[PDB]
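Peer 1: Have a look at this one.
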Amino acid sequence: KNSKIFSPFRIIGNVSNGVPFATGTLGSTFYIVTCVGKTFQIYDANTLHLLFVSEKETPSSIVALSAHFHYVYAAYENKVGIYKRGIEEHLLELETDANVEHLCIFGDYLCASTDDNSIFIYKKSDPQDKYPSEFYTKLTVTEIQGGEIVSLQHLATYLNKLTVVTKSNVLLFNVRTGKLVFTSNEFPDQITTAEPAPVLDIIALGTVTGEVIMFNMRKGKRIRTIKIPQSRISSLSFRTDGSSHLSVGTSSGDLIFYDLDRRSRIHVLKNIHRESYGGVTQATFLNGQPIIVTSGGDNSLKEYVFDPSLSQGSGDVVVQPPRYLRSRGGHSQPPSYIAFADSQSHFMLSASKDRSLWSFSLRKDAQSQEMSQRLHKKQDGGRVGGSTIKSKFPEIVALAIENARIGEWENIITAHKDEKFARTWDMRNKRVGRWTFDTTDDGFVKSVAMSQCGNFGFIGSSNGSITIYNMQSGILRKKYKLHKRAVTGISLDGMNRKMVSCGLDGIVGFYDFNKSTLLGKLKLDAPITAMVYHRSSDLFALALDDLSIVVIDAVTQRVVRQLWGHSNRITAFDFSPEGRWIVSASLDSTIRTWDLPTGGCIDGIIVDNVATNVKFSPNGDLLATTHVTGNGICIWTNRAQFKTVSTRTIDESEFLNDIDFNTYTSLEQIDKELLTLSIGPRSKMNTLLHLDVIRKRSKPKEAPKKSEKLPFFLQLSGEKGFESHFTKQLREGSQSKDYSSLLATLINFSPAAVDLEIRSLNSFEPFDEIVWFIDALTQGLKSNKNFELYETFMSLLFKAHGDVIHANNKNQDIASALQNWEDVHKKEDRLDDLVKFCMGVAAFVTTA
Amino acid sequence: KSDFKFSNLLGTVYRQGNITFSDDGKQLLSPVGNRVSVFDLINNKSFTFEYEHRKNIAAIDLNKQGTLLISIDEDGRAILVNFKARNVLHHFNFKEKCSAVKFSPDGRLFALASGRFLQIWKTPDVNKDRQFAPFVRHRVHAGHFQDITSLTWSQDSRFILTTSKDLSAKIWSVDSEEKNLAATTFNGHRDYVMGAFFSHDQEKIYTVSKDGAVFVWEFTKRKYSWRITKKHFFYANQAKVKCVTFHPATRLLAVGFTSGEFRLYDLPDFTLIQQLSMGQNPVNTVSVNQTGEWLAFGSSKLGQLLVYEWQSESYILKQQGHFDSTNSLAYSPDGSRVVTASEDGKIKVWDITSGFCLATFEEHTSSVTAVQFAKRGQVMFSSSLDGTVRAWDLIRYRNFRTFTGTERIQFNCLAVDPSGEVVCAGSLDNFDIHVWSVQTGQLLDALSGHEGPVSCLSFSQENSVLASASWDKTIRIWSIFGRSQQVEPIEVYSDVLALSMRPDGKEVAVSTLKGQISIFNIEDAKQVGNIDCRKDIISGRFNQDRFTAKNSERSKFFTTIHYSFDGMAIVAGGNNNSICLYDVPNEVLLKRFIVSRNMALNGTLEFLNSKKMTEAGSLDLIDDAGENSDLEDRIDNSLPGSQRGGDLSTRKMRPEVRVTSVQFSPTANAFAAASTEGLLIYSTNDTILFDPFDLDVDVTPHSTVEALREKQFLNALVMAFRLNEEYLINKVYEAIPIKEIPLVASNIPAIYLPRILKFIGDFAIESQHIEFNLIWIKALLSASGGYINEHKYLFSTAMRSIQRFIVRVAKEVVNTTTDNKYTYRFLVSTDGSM
Amino acid sequence: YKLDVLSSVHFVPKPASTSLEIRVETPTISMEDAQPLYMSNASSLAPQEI
Amino acid sequence: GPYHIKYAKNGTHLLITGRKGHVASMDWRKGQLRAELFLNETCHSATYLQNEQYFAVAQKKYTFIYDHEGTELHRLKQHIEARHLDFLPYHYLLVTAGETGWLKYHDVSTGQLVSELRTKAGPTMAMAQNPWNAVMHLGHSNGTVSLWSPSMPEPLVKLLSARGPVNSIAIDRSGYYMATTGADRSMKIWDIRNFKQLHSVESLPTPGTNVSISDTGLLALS
RNA sequence: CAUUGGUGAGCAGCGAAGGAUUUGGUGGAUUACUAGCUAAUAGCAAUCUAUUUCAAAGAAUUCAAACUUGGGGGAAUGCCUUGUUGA
């Protein structure tokens with residue numbers, strides 16, 4: 001399940017799963033450490049932005065969390081991981097084979113408590129360390145001392161002592177030595193929570209019936225008891241602003257505030273978290289403020305405040321009810337359909353099976369909103385009629401969007417479940433749009449589509465019909481009938497020209513659309529389960545029923561590719577943005593990437609949790625999939641955006657180089673007779689011809705004013721043989737009659753160096769050097785590469801030594817060498833023949 | 001056909017920020033408005049990165065392996081880019097207005113001076129695939145008392161020198177082992193500290209101050225610690241330093257003063273090596289290449305980039321662009337040059353591939369409103385509010401004529417005949433189309449008859465008729481040559497404001513003020529289709545607006561239009577944030593391009609921010625020139641309400657995004673649009689999109705390779721053209737042999753002829769096999785000439801690309817070979833010397 | 001100049017001009033602008049003018 | 001912007017300037033707000049001038065003298081770029097000291113610029129007045145303070161105070177001591193009559209950004 | 001006959017333990033998410049001070065200094081620049 005194209009990135013749209021979150025002051029300010037399965041996320045408690053995210057996904061889920069100033073401790077399967085700023089700073093493996101339930105850190109000691117009633121104590125090596133690492137000892141709870149351990153606490157001012165609240169009593173250990181210095185008398189109920197009060201000595205214990213016992217530990221006796229009847233207490237927090245309040249958070253969602261000075265009940269808050277997914281799992285008063293933060297396993301996190309009184313003197317007898325400050329959330333239930341809204345890959349719609357349609361943000365996870373369903377005033381002058389107690393729309397099972405008219409009329413169509421119309425939604429205002437789109441033959445909308453131009457919305461039904469509606473006006477325009485069984489995909493071309501529809505009678509019907517003809521009818525084997533069209537290239541992919549993908553060219557109207565290799569039904573799938581790949585996820589828990597040129601699988605991932613939607617981003621950075629369990633969207637990167645990706649078939653093994661990297665490096669020289677030029681730049685020829693005039697243009701217009709004492713050998717003294725190398729190489733070339741090495745050097749000089757050398761040839765009586773250079777050039781034009789630069793060098797030679805060879809003309813050696821030069825060159829005037837013909841006939845063909 | 005990516009940004013060479021050389025010494029990265037460009041000085045090749053900041057850039061640095069690039073705009077919003085593959089890795093915003101970033105020369109960790117804090121972070125790894133947060137903090141140091149301003153590492157990257165507006169400088173170690181080695185601070189400057197550098201082996205330190213003074217610090221006895229050994233001073237009148245650099249291997253100090261001078265000093269002795277005037281405007285930045293001998297100056301006011309070769313004094317390049325001040329463009333009749341007509345008075349011929357101005361003409365005085373080439377490459381005619389319309393040669397570079405008015409009106413559009421002997425121009429002043437004759441520079445006629453100023457003119461280049469259009473709400477088709485002098489008007493619904501003639505010469509598309517493009521037929525007078533546009537146009541809100549953008553009808557129309565060279569598309573662009581590309585037969589649009597996302601332009605956001613608007617009024621609209629620390633940055637000349645004329649700060653308003661003028665490319669698949677920040681050049685890759693043609697089941701890359709290896713070369717080629725994959729076509733193209741080229745070229749199909757021509761053009765301008773290409777072209781024209789001649793318009797661009805290849809790159813090789821031949825014949829036949 | 005910038009250029013032009021000026025024989029590469037390539041070659045006077 | 005306080009000499013009213021345009025004049029004990037201006041050029045400082053009835057604010061360039069309600073009375077032309085304002089209130093002289101480095105005494109009762117002195121040592125970094133004496137101590141970027149007077153073109157006395165520029169000076173009510181603070185992290189107590197420094201503190205941990213000597217000789221440093 | 005002008009009394013039709021206009025307040029978004037303070041390689045966050053001082057380093061234009069002015073005539077006395085008498 002390591003893959004070769006996609007790699008996992010993060011999982012958007014999770015906030016809490018129901019492990020009690022932990023809080024941490026940092027200076028004057030607060031943060032909130034929640035855990036989402038195998039990660040933990042850290043939120044600015046003042047405004048709830050996403051500061052940090054755990055860096056690597058822990059091996060199992062996180063059992064316990066605790067935080068302190070800069071450090072945050074998570075206790076997953078067996079171990080405790082100490083993290084600072086997200087990155088893992090210490091592992092701490094506990095010498096056992098039993099999971100770590102609870103965890104409390106106080107002073108020098110970290111205290112972890114397993115499930116078979118044992119307490120491991122890790123002590124700092126020296127108190128100038130910042131988190132403990134020496135194993136100290138291992139305190140154990142024998143069954144006669146107490147029941148199972150429920151929580152670990154450390155009350156204030158208790159030197160080296162640890163308050164272990166078990167299911168029947170409370171113990172006090174002296175963790176430095178470890179003698180059980182105290183046992184409490186057995187409570188006649190089950191203890192469920194514990195939490196220490198901002199008065200001394202006192203721990204507040206919440207039992208399994210509605211009974212909160214304020215229990216004084218120095219004396220060992222109860223001082224108060226408070227009865228909620230018939231609730232399951234699940235949270236306790238002590239408001240410490242100065243007003244003596246208490247919030248008991250039941251496991252039904254009630255959050256009940258008591259006033260402990262006046263023995264009263266201040267308030268209740270009812271259904272702030274859902275009864276099913278756990279109720280109120282943690283509910284804390286931030287230390288010093290009238291702010292409570294509550295968090296529950298329905299993937300939501302909330303913040304409630306206390307406004308001050310209305311009354312001047314009477315004060316704290318008139319208590320204002322606590323209102324609602326701020327919150328984040330996600331879906332409660334796993335998601336149902338996802339779709340990228342816009343082509344910067346910013347926003348993502350996603351509908352979920354608690355009937356709620358969120359729009360998530362990939363950049364900043366505070367920009368994500370839920371798209372509200374508050375209907376518009378009916379346009380007829382009538383009454384819209386539904387049950388007066390409101391409930392969310394049925395589960396949104398198809399969804400199609402266009403961004404071309406955003407702001408002027410609606411641009412989402414959604415298709416709900418067991419429901420007979422579609423609803424236009426908005427995306428600018430984020431709200432239910434004003435039109436509902438019927439199907440007009442009593443058939444449940446099975447799939448929907450939108451035109452490119454954003455004017456028209458097609459709604460294929462389940463008795464074959466196709467209805468087309470204007471979206472500015474919601475008003476019905478056309479209605480085709482070609483299928484007789486259900487219609488499971490609709491599509492339209494970007495020229496508003498050709499419409500395609502695929503339906504369970506194994507028919508793909510092609511229509512014209514400007515006029516209303518029927519343009520073709522293709523028949524496949526099996527029912528057709530999904531259509532994805534791809535627009536820029538006019539190709540589309542039909543997930544058939546016989547466990548096959550069939551790609552069809554929507555212009556020539558015929559089946560072009562047939563991708564076998566799946567093994568169970570195909571859930572969902574998507575073309576690449578560039579039309580080249582298909583990702584397809586299927587119910588045998590695999591995701592495969594297919595290449596359409598080579599028509600074959602080039603990648604596959606086997607997933608522990610079945611994937612049920614798969615969607616590229618349009619600007620092709622990411623792949624977002626969504627899974628059968630777990631509320632989120634899993635986001636994946638794209639190594640083909642950063643690298644090279646080999647295309648080869650693999651599925652046999654798991655479950656040439658030119659083509660395989662689809663890139664071809666051009667040849668050097670095709671035939672020996674065929675000409676070439678120099679590979680490199682093209683203005684090399686022209687600078688080598690006009691090197692002088694160019695530099696004289698470049699020189700600055702005045703003269704630069706310099707000093708008078710200039711240390712003459714500066715080109716030397718920027719700090720840190722006999723014959724020149726080129727002339728040497730030329731000479732040995734003339735000795736061995738092979739100038740290959742010389743021509744390597746002249747191809748790979750620079751224009752200055754070339755001109756310098758060709759000026760710096762010897763030019764006196766036995767003209768050995770001019771003869772040898774001309775021989776090298778002849779050999780080069782014979783070898784027939786670099787026609788460009790050998791001609792250029794000969795032109796430079798005639799410029800810089802035309803005088804000496806014009807004078808010492810009819811010397812035999814120069815006569816002979818120049819004749820051999822003329823041999824090869826008069827063979828090579830055919831090039832001028834070709835060019836003259838090419839633009840003679842080309843300009844004629846163009847002008848006439 | 002309709003897949004266009006941001007190819008390039010032409011017409012701007014430097015805007016603001018910081019200029020860097022590559023690791024090689026070859027390429028040059030320099031920040032244009034909110035994008036970095038890479039100008040490749042050796043292989044003469046340019047580009048512009050695709051990613052865009054939401055405000056102007058202010059710091060860049062490039063890794064030492066040439067691999068990562070960090071660019072920070074103002075307000076700390078860094079973007080990390082993978083330089084090899086040109087695709088953004090990670091956005092990360094440091095809150096403050098950050099002032100410099102330097103990678104470590106090891107390339108392990110990068111230091112960043114933000115505010116008064118020094119944050120040293122570690123790089124990510126370029127091999128590791130992406131993640132949520134890959135920047136891992138190393139330290140944050142906090143010595144200074146006011147801003148840092150500069151930042152310099154060691155050569156062995158473990159000590160960092162920061163200079164700051166504190167009037168000071170500090171050394172920070174990088175290990176808390178070596179804190180004791182580096183805890184000291186430096187002192188004594190009077191004004192600021194604009195640089196502090198190390199020596200070549202780090203036993204001396206230099207500190208350069210805005211007051212004009214260089215201190216030389218050395219660890220020495222009267223224990224003993226870090227005295228000031230020497231003080232040297234520049235002596236400017238009132239220039240101050242604005243940017244300092246030090247190449248330590250050669251010990252140069254290059255200092256850019258605020259007056260226009262720079263001086264190259266030799267530092268451990270302080271001798272003046274050199275001194276030159278760049279311009280007259282403050283030099284804003286300096287860099288040097290690696291080996292120490294291409295300097296790189298940049299001056300943001302007026303926007304000029306300069307690269308110097310200080311050994312033998314020679315500008316390797318001396319260039320300058322136009323912010324906001326361009327009124328039009330027009331391509332060369334070959335897709336390689338582009339002409340821009342600027343509001344200054346300057347016409348610049350800009351190369352395309354390497355974005356550098358070949359030539360600059362400045363004979364106009366006031367702004368230049370229209371440019372056209374002739375149907376030649378020789379002359380171009382240019383029209384400006386001078387009152388004259390001037391003709392330019394482009395071989396000897398001269399005004400060979402200036403047609404003038406008869407009372408000097410302000411000319412605002414230009415149009416010139418195919419056989420370039422008649423020039424018409426029309427103004428917004430007079431509503432009479434003047435017609436001059438080129439040779440006798442007198443004016444033939446004043447074609448009159450509009451009632452309302454002329455907004456465009458054009459010449460049907462086939463039938464030679466002058467169709468013009470005016471705010472009259474009409475079009476008039478004048479037929480000027482040949483005893484007729486008859487004229488035919490057309491009423492459009494409303495107030496027309498740009499025009500475009502088909503290539504063919506039968507149709508006129510006309511972009512009006514209510515927001516349609518109405519496409520008429522000229523032989524008749526009848527409207528063969530319009531396309532309604534007012535909606536798909538993104539007008540933003542200005543900060544100085546008090547009305548919603550959905551009502552703001554500042555910009556709901558297209559002031560520029562252009563057909564394709566095929567007859568099928570119209571690009572239109574306007575006074576707004578979007579360029580829209582329509583298809584002409586189907587009347588339905590293909591793509592909408594957004595010119596910029598740059599919140600330092602006004603028309604660019606759709607919805608403003610309510611955190612900004614308050615009781616005072618808006619919040620981006622206060623004055624902060626008082627906050628600036630410098631007299632020339634406080635001085636605010638602005639003649640009140642001067643809507644778009646004069647220099648950029650001769651008005652107190654922020655620029656507006658607009659497309660001043662749009663054209664297609666006459667050779668390639670591209671188009672180009674002159675707008676506020678330059679000329680956006682948008683173009684295409686078949687080598688990325690999978691757009692097959694006429695496929696079937698049995699056509700794979702494996703099958704076509706098999707068809708080569710058993711030698712059915714025709715079939716292998718047509719399978720390549722059906723699959724439509726660029727490497728494949730190249731592969732077969734070079735496989736097939738020279739004897740077999742003519743039969744294949746005869747037997748190719750008619751449908752695939754245009755594609756093979758397109759491929760030969762794209763390979764041909766930059767490849768080397770000139771015999772292979774020219775043999776192919778000769779065979780292709782030879783065996784299918786007449787068909788092309790019939791279908792003249794599908795092949796407009798394809799044959800122009802081949803013809804550019806022949807006259808541009810083959811023809812010189814012919815010239816030099818022929819020159820050489822005749823020189824030999826002279827030298828060896830002539831009379832011997834003496 | 002100030003009055004043109006104030007009036008946001010829509011003015012009326014100068015009356016006229018015709019004033020003699022002198023040009024030199026010079027190569028076109030020495031005339032154009034400084035950057036690694038070149039574009040034109042022929043000398044700046046014409047053969048008939050020499 | 002960052003704000004700037006000025007309590008009226010009387011004790012009652014207060015004037016706060018922003019740095020963007022927000023000026024406001026209030027009473028602070030009765031809470032009643034006298035005036036409020038949202039002018040958008042960067043204001044620097046303000047003073048009351050004699051009553052609560054008049055105030056004068058610096059601005060981007062000029063000096064504007066407003067009423068008790070913010071109706072602008074005058075636009076002082078000749079005080080170009082006054083980063084510092086003060087009012088010496090028995091002589092009725094509004095005093096600005098610039099960024100030009102010119103020092104202007106302006107009689108706000110008859111409307112006639114008394115004196116226009118040239119402090120040549122550059123843009124004035126700090127400024128305070130001897131109240132027992134009404135003589136202006138301007139502190140200059142050399143590190144030297146200088147005492148002026150309107151009827152003397154030359155500084156009455158120059159006082160080499162710090163190394164590097166002089167951030168802020170503040171003078172006793174009794175007219176007999178001056179504390180000055182400087183950008184080389186320094187603070188010096190001078191005895192103005194007899195002109196000897198009493199005693200000086202030479203390493204503060206970060207520069208003394210301001211000082212003030214109260215109405216009881218107590219010292220505040222910030 | 002119109003009314004495309006008001007003000008009302010009434011139906012058909014829509015229609016689940018109600019509906020329709022108007023308005024105050026707070027929360028979240030509006031730019032792409034790396035936590036707080038300080039004297040900052042660290043400490044604090046229940047506290048910086050009863051080590052918070054030392055040592056070192058640190059002093060050009062011997063005064064470049066309004067690049068900062070609406071136009072036209074001027075200037076007693078000021079100011080300013082150049083000369084000068086007596087110390």
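Every chain in the structure tokens takes a letter, A first, then B, and so on in the order presented; its residues are numbered from 1, and the ligands are numbered from 1 following the presented order.
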Can you list, as a ChimeraX atom specification, every protein, DNA or RNA residue that comes within 12 Å of residue 58 (chain E) when you count only C-alpha atoms (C1' of nucleotides), leaving out same-chain residues fewer than 2 positions away?
Peer 2: /B:167-168,185-190,226-228 /D:162-164,184-185 /E:56
Peer 1: What residues in chain C lie within 9 Å of chain A, counting only C-alpha atoms, written as a ChimeraX atom specification?
Peer 2: /C:27,29-38
Peer 1: Mind dumping the selected residues with N, CA, C and O atoms as a short mmCIF file (atom, residue, chain, number, x, y, z; two decimals), in the first residue's frame?
Peer 2:
data_model
loop_
_atom_site.label_atom_id
_atom_site.label_comp_id
_atom_site.auth_asym_id
_atom_site.auth_seq_id
_atom_site.Cartn_x
_atom_site.Cartn_y
_atom_site.Cartn_z
N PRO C 27 26.73 52.05 -38.46
CA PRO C 27 26.15 50.74 -38.71
C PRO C 27 24.98 50.52 -37.79
O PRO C 27 24.90 51.07 -36.69
N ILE C 29 23.97 47.94 -36.11
CA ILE C 29 24.27 47.29 -34.85
C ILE C 29 24.81 48.30 -33.87
O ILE C 29 24.57 48.22 -32.67
N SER C 30 25.56 49.27 -34.34
CA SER C 30 25.96 50.34 -33.47
C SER C 30 24.84 51.31 -33.19
O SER C 30 25.04 52.28 -32.48
N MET C 31 23.70 51.13 -33.81
CA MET C 31 22.62 52.04 -33.47
C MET C 31 21.68 51.46 -32.42
O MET C 31 21.12 52.20 -31.62
N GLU C 32 21.46 50.17 -32.44
CA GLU C 32 20.42 49.64 -31.57
C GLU C 32 20.85 49.42 -30.13
O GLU C 32 21.83 50.01 -29.70
N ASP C 33 20.10 48.63 -29.38
CA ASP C 33 20.07 48.70 -27.93
C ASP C 33 20.68 47.46 -27.31
O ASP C 33 20.63 46.39 -27.88
N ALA C 34 21.22 47.60 -26.11
CA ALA C 34 22.31 46.76 -25.63
C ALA C 34 21.82 45.51 -24.94
O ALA C 34 21.31 45.58 -23.84
N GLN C 35 22.10 44.36 -25.54
CA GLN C 35 21.51 43.08 -25.21
C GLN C 35 22.15 42.05 -26.11
O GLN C 35 22.65 42.41 -27.16
N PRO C 36 22.22 40.79 -25.70
CA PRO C 36 23.17 39.85 -26.33
C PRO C 36 23.02 39.62 -27.81
O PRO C 36 24.01 39.23 -28.43
N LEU C 37 21.88 39.83 -28.41
CA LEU C 37 21.68 39.56 -29.82
C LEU C 37 21.81 40.85 -30.62
O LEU C 37 22.26 41.88 -30.13
N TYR C 38 21.39 40.80 -31.87
CA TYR C 38 21.26 41.96 -32.72
C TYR C 38 20.12 41.65 -33.64
O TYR C 38 19.64 40.53 -33.66
#
Peer 1: Please identify all residues of chain D having at least one atom at most 10 Å from any atom of chain B, considering only C-alpha atoms, and return them as a PyMOL selection string.
Peer 2: chain D and resi 19-22+37-44+59-61+81+99-100+141-142+163-165+183-184+206-207
Peer 1: Output C-alpha atoms for every residue in that selection, as an mmCIF file, in the first residue's frame.
Peer 2:
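Final file, result05.cif:
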data_model
loop_
_atom_site.group_PDB
_atom_site.id
_atom_site.type_symbol
_atom_site.label_atom_id
_atom_site.label_comp_id
_atom_site.auth_asym_id
_atom_site.auth_seq_id
_atom_site.Cartn_x
_atom_site.Cartn_y
_atom_site.Cartn_z
ATOM 1 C CA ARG D 19 -0.698 58.606 13.359
ATOM 2 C CA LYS D 20 -3.154 58.274 10.635
ATOM 3 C CA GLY D 21 -5.608 61.012 11.072
ATOM 4 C CA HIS D 22 -7.423 60.451 14.247
ATOM 5 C CA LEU D 37 -11.135 64.805 13.507
ATOM 6 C CA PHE D 38 -10.500 62.054 11.040
ATOM 7 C CA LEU D 39 -8.018 63.741 8.870
ATOM 8 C CA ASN D 40 -6.006 61.273 6.982
ATOM 9 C CA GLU D 41 -2.581 62.721 6.673
ATOM 10 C CA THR D 42 -0.184 61.323 9.270
ATOM 11 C CA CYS D 43 -0.373 63.523 12.300
ATOM 12 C CA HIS D 44 2.619 63.511 14.553
ATOM 13 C CA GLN D 59 0.184 66.992 10.017
ATOM 14 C CA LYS D 60 1.827 65.504 6.996
ATOM 15 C CA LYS D 61 3.435 68.796 6.050
ATOM 16 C CA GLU D 81 7.356 69.668 8.492
ATOM 17 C CA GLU D 99 12.544 67.788 10.258
ATOM 18 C CA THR D 100 14.029 70.584 8.192
ATOM 19 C CA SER D 141 21.535 63.944 16.223
ATOM 20 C CA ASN D 142 25.155 64.606 17.141
ATOM 21 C CA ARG D 163 27.254 59.434 21.844
ATOM 22 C CA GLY D 164 24.919 59.307 18.919
ATOM 23 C CA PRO D 165 21.501 60.861 18.714
ATOM 24 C CA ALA D 183 20.299 56.043 21.544
ATOM 25 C CA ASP D 184 23.542 54.650 22.898
ATOM 26 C CA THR D 206 17.488 48.997 25.433
ATOM 27 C CA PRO D 207 17.413 52.668 24.464
#
Peer 1: Please report as a ChimeraX atom specification which residues of chain B come no farther than 8 Å from chain C, using only C-alpha atoms.
Peer 2: /B:41,44,315-319,356-360,385-387,395-397,407-410,639-646,650
Peer 1: Using only C-alpha atoms (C1' of nucleotides), select each residue of chain B with any atom at most 9 Å away from an atom of chain E, and give the selection as an NGL selection string.
Peer 2: :B and (54 or 77 or 91-93 or 133 or 135-137 or 139-143 or 172-177 or 179 or 184-188 or 223-228 or 231 or 233 or 235-238 or 607-611 or 631-632 or 635)
Peer 1: For the structure I just gave you, how does DSSP split region 91-170 of chain D - specifically, which residues are strand (DSSP E)? Reply as a PyMOL selection string.
Peer 2: chain D and resi 93-97+103-107+112-117+126-130+135-140+144-147+157-160+166-170
Peer 1: Do you have the CA of residue 323 (chain A)-CA of residue 289 (chain A) distance handy?
Peer 2: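 Rounded to one decimal, the two atoms are 14.3 Å apart.
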Peer 1: Could you give me, as a Markdown table, a per-residue list for chain A showing, wherever an atom lies at most 7 Å from an atom of chain E, the closest pair of atoms and their distance in Å to one decimal, using only C-alpha atoms (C1' of nucleotides) and sorting by chain then residue number from low to high?
Peer 2:
| residue | atom | partner | partner_atom | distance |
| --- | --- | --- | --- | --- |
| A:26 | CA | E:36 | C1' | 5.4 |
| A:27 | CA | E:45 | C1' | 4.3 |
| A:28 | CA | E:36 | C1' | 6.0 |
| A:29 | CA | E:36 | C1' | 6.1 |
| A:49 | CA | E:33 | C1' | 6.7 |
| A:50 | CA | E:33 | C1' | 5.4 |
| A:51 | CA | E:33 | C1' | 6.0 |
| A:52 | CA | E:34 | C1' | 6.8 |
| A:325 | CA | E:27 | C1' | 5.9 |
| A:326 | CA | E:27 | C1' | 5.7 |
| A:363 | CA | E:32 | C1' | 5.5 |
| A:364 | CA | E:33 | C1' | 5.1 |
| A:365 | CA | E:33 | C1' | 6.8 |
| A:367 | CA | E:29 | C1' | 5.6 |
| A:382 | CA | E:14 | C1' | 4.8 |
| A:383 | CA | E:14 | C1' | 5.6 |
| A:385 | CA | E:15 | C1' | 6.3 |
| A:386 | CA | E:16 | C1' | 5.8 |
| A:387 | CA | E:16 | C1' | 4.6 |
| A:388 | CA | E:16 | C1' | 6.6 |
Peer 1: Which residue, B:11, B:754, B:453, B:742, has the smallest gap to residue 329 (chain B) when you use only C-alpha atoms?
Peer 2: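 Selected residue with least distance to residue 329 (chain B): B:11.
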Peer 1: Just the residues within 9 Å of residue 848 (chain A), please, counting only C-alpha atoms (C1' of nucleotides), with nothing from its chain fewer than 2 positions along; format it as a PyMOL selection string.
Peer 2: (chain A and resi 843-846) or (chain B and resi 789+792)
Peer 1: Taking C-alpha atoms for each residue, export the selection above as a PDB file, in the first residue's frame.
Peer 2:
ATOM      1  CA  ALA A 843       6.034  32.188 -51.173  1.00  0.00           C
ATOM      2  CA  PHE A 844       4.232  31.347 -54.383  1.00  0.00           C
ATOM      3  CA  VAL A 845       1.866  28.955 -52.623  1.00  0.00           C
ATOM      4  CA  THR A 846       1.245  31.509 -49.902  1.00  0.00           C
TER       5      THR A 846
ATOM      6  CA  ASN B 789      -3.214  26.956 -52.307  1.00  0.00           C
ATOM      7  CA  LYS B 792      -5.259  29.179 -47.943  1.00  0.00           C
TER       8      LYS B 792
END
Peer 1: One decimal, in Å: what's the spacing between CA of residue 196 (chain B) and CA of residue 109 (chain B)?
Peer 2: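 One can read the CA of residue 196 (chain B) to CA of residue 109 (chain B) distance as 20.2 Å.
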Peer 1: One decimal, in Å: what's the spacing between CA of residue 337 (chain A) and CA of residue 541 (chain A)?
Peer 2: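 For CA of residue 337 (chain A) relative to CA of residue 541 (chain A), the distance reads 19.0 Å.
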Peer 1: Using only C-alpha atoms, find the residues of chain B whose closest atom to chain A is at most 6 Å away, then write them as a PyMOL selection string.
Peer 2: chain B and resi 43+131+249-250+272-276+314-315+689-691+696-697+700+727+768-769+771+778+789+814+820+827+832-833
Peer 1: For residue 153 (chain D), please output as a ChimeraX atom specification all residues within 9 Å (counting only C-alpha atoms (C1' of nucleotides); exclusion window: fewer than 3 positions along the same chain).
Peer 2: /D:116-119,148-150,156 /E:79
